[PDB]
Structure formats: structure tokens, C-alpha cells
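What follows is a single chain, given as C-alpha cells, in the form solved without the partner chain.
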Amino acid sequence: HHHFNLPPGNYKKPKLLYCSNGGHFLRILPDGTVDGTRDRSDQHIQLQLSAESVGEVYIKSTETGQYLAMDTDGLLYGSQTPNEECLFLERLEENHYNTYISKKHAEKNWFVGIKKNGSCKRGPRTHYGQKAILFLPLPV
């Protein structure tokens, strides 16, 4: 369903997923809530990525152990355990950024994304070409 241009990073260390849209870091709150925050000091923005298969990743909160996941209705949530909804296709975009496509909903082009207001986007509302889906992994 999708191209295979991969980004040039590794999963050695945790990262911050900086969204260029509004400048928010992706956050997985203890209650399972997922949003974005501009507070670099937030304890819930440190994520450990890991590769399942080449180009397939898990995105986990170092603080809580929760996995980033996208539900049947396109809502991002924090999962206590790894499941099919937790896999994302990590790809390069615009020869620069990282994008994360829901593996489970790949055919539909549902992406991880953050609005200028700090609220995450719902799967069906995302699409190729948007600013909300563009991320830069920053060191913690």
C-alpha cells in the first residue's frame, strides 16, 4: 500500500517525536490519553521506538511502559500491552521527516498526527500531504 523510503535513524536511544505542525511533542499520558505538548520538560514525551520487522515499529512510553496504538475508530490511545493496533509503518517523508502509518489500517492511510492546537488527529482525518503527520525524532 505504501512506499518504502526509510528514515536514517536507529532505535538505540529514546526520542522525542517533535511534530512540525504546531511544534508539539507526542505525549502518552498515564491514563492512556494521547496528545501533544510544547513542554519539553514533560515526563511523558520520552518514547522508545523499536523495530518489529524492517520499517515496522512499536512506540513506547519510557515513563509508563504504554504502547502507542490506534483504535478501530482512528483514535490514538495508550495500550498496556502490545497488540496489532500498536504497529506503525515508519517512513521517510519529504526527504526529511518521519511519518507513522497505522499498520492495521495501512490500506486507509491513517497516520499518527498532531494538530496545531496540540490535539491528535483521528485516522480518517489524516492524509498524505499534511503538516500534522510530519515528525522529527529528537534526542531526549
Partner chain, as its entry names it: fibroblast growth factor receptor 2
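Numbering follows the first chain given and starts at 1.
Asks: When the Cα temperature factors in the entry are averaged, is it 33-41 or 81-89 that ends up higher?
Replies: Mean C-alpha B-factor is greater for 33-41.
Asks: Using the B-factors recorded in the PDB entry, average over the C-alpha atoms of 7-15 and of 122-130, then report which stretch comes out higher.
Replies: Comparing 7-15 with 122-130, the higher average CA B-factor belongs to 7-15.
Asks: Name the one of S102, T72, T62, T99 with the greatest CA B-factor according to the PDB entry.
Replies: Of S102, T72, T62, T99, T62 has the highest C-alpha B-factor.
Asks: Among the modelled residues of its chain, does the C-alpha B-factor of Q46 lie in the lowest, middle or highest third?
Replies: Middle third, going by the recorded CA B-factors of the chain.
Asks: How does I28 rank on Cα B-factor within its chain, lowest, middle or highest third?
Replies: Within its chain, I28 is a middle-third residue by C-alpha B-factor, going by the deposited values.
The same protein also exists as the form deposited with the partner chain bound; that form is not shown, yet it is the one meant from here on.
Asks: Can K103 be called a contact residue for the partner chain in the bound PDB entry at 4.5 Å between heavy atoms?
Replies: No.
Asks: Would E63 show up as a contact with the partner chain in the bound PDB entry if we use heavy atoms at 4.5 Å?
Replies: Contact check for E63: no, nothing within 4.5 Å of the partner chain in the bound PDB entry.
Asks: Given that the partner is absent here, does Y77 sit within 4.5 Å of the partner chain in the bound PDB entry, heavy atoms only?
Replies: No, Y77 stays farther than 4.5 Å from the partner chain in the bound PDB entry.
Asks: Does any part of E84 reach within 4.5 Å of the partner chain in the bound PDB entry? Heavy atoms only, please.
Replies: Although the partner chain is absent here, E84 would stay clear of it in the bound PDB entry, with no heavy atoms inside 4.5 Å.
Asks: Heavy atoms within 4.5 Å of the partner chain in the bound PDB entry is the criterion; list the residues of 31-61 that meet it.
Replies: Read in sequence order, the residues that approach the partner chain (within 4.5 Å, in the bound PDB entry) are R38, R40, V54.
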